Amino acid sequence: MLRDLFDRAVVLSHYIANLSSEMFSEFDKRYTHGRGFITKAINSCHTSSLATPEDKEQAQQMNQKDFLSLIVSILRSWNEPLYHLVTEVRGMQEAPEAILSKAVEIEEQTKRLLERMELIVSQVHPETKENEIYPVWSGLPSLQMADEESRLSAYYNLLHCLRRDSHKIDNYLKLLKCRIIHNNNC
């Protein structure tokens, strides 16, 4: 039942996207606000290498099978870094209540969103190739660096990327919902 499916998926993605923003802000005001960590962030996401549409036109031109697969690949690629973000922050002695709190929600909801997404692909495109191929994140050494400024800059890159990518998943899902269910007459 596509309509309820897409509605659940979009409820999730919009929630996650909003949480990502609030998290990146709350980290930024508290830790980084005065300093040029914003400049270290220039093209440093583990998912940069993926071909993602960057404007509406590019979005419309994509075919819907590849587009769904894309969303799935991005979500899969985030399960590793969100696990370590949580483990690291939770393992601090004095863990900032706000941030950790959001981080845990994003982690859990993201699992659920990927379940709904995988289920969408099953209804809409049942004869797809069962093949994982998503970018690999391997930034844990940096999140664990003893140099504090280097450490903060790792975390900043990461939250900046999480915010971008969740906003992106959300937008793309909204787009596909209108396309698949409403022939782009939402």
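Residue numbers here begin at 1 and follow the sequence given.
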Averaging only over Cα atoms, indicate whether 159-167 or 18-26 has the higher B-factor in the PDB entry. 18-26
When mean C-alpha B-factors in the record are compared for 6-14 and 168-176, the larger belongs to 6-14
Could you say which of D66, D147, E57, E118 has its CA atom at the highest B factor, as listed in the PDB entry? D147
Using only the C-alpha B-factors in the record, can you name which of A95, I74, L85, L114 has the highest? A95
Splitting the chain's C-alpha B-factors into thirds, which one does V89 fall into? middle
